[PDB]
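Right, one structure below, let's go through it.
Using ideal geometry, Cβ is built from the backbone for each residue, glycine included, and neighbour counts are taken over all protein chains shown. What follows is calculated from the coordinates using simple rules that are stated; it is not laboratory data.
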Amino acid sequence: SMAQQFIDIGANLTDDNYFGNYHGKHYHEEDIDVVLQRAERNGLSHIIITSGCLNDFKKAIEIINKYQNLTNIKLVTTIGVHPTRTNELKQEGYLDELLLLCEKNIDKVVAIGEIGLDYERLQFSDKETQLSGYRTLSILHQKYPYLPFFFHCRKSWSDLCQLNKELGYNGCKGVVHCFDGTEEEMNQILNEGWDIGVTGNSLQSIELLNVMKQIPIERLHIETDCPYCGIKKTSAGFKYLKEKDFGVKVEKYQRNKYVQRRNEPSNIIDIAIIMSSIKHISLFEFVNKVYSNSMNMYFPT
């Protein structure tokens, strides 16, 4: 009976922090329940739990199995291997196990992702391994040609665009998420038929604000990428917020309070506020249209 206002197209709910673990130490009880309660209280109706490898996918499925009966929020996930974990594709049986898990849980899967290329993180999966892995991952689109994409792109757009063409992705639906590129990259992305997802990282500088305000409203999605990417007091976008609660130190954890530096699905409102302000669109009109974008992209009827 709560409002249905937000779809978080990218929540990292498998992150250690939601199991009360911060850099290897256990601080508090696994609190996804209260994270979800706060999310419901702010009108989140669907949360796409991002998954980027076999372990993540197992975790995402466990969260959905455990919590779906305790929340009105639709919990779903994605199928794919993050460019930085494409090295894991070399282990024999890895891909088969991933594909079997996907098939058994296909009703929980709403995108192929998080997939793509990351040319700032080349130490576990080098450029060749990333390119190779992306090609291997095309089996997902082959098996499930109706699934839209959730793409990761860092300093790699020209290569990503070429690969998408080569693998026949062009003309499909998809979002380039956590976008922080240039105006020219934004326009090339839209020119290729894709949408753009905006997080707190997309809003960190005045230069980024001037790119994001140019995203056409009917091509825009919002997301938290939580626990990462919360608006900082340092952020350019912060100029547009009014009385943001930063929460409390993890040592002073309260069930009814935000943990400091732990972004949450409910913090998606920060993103809608900033975006609608810089685009000079009525907040509720903005909220409504972005909701519709994400529904038609990931939860079509």
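Observations on the model:
- Screening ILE271 with (1) surrounded by fewer than 20 Cβ atoms within 10 Å (Cβ to Cβ); (2) in a helix (DSSP H, G or I) gives one miss only, at (1).
- Any hit, segment 222-229, residues being within 26 Å of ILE32 (Cβ to Cβ), without any contact (Cβ under 8 Å) to a residue 60 or more places away in the chain and among the polar types (S, T, N, Q): no
- Residues considered: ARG219, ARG261. Of these, the only one that is under 20 Å from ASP8 (Cα atoms), in contact with a strand residue (DSSP E or B) (Cβ under 8 Å, 6 or more places away or on another chain) and of a type in the set (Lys, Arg) is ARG219.
- Count - residues of segment 11-55 that are outside any loop (DSSP other than H, G, I, E, B) and more than 27 Å from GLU251 (Cα to Cα): 7
- Against the list (1) more than 27 Å from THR136 (Cβ to Cβ); (2) outside any helix (DSSP H, G or I), the condition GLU207 fails is (2).
Yes or no, residue by residue, for (1) closer than 29 Å to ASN187 by Cβ; (2) out of contact with any helix residue (DSSP H, G or I) (no Cβ under 8 Å at 6 or more places or on another chain); (3) not β-branched (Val, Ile, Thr):
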position: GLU88; (1), (2), (3): no, no, yes
position: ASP118; (1), (2), (3): yes, no, yes
position: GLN123; (1), (2), (3): no, yes, yes
position: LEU131; (1), (2), (3): yes, no, yes
position: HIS141; (1), (2), (3): yes, yes, yes
position: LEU167; (1), (2), (3): yes, no, yes
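- Qualifying residue in segment 152-159 (condition: under 22 Å from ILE49 (Cβ atoms) and surrounded by fewer than 19 Cβ atoms within 10 Å (Cβ to Cβ)): yes
- Subset tally (residues that are of a type in the set (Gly, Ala, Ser) and in contact with a strand residue (DSSP E or B) (Cβ under 6 Å, 6 or more places away or on another chain)) for segment 273-301: 1
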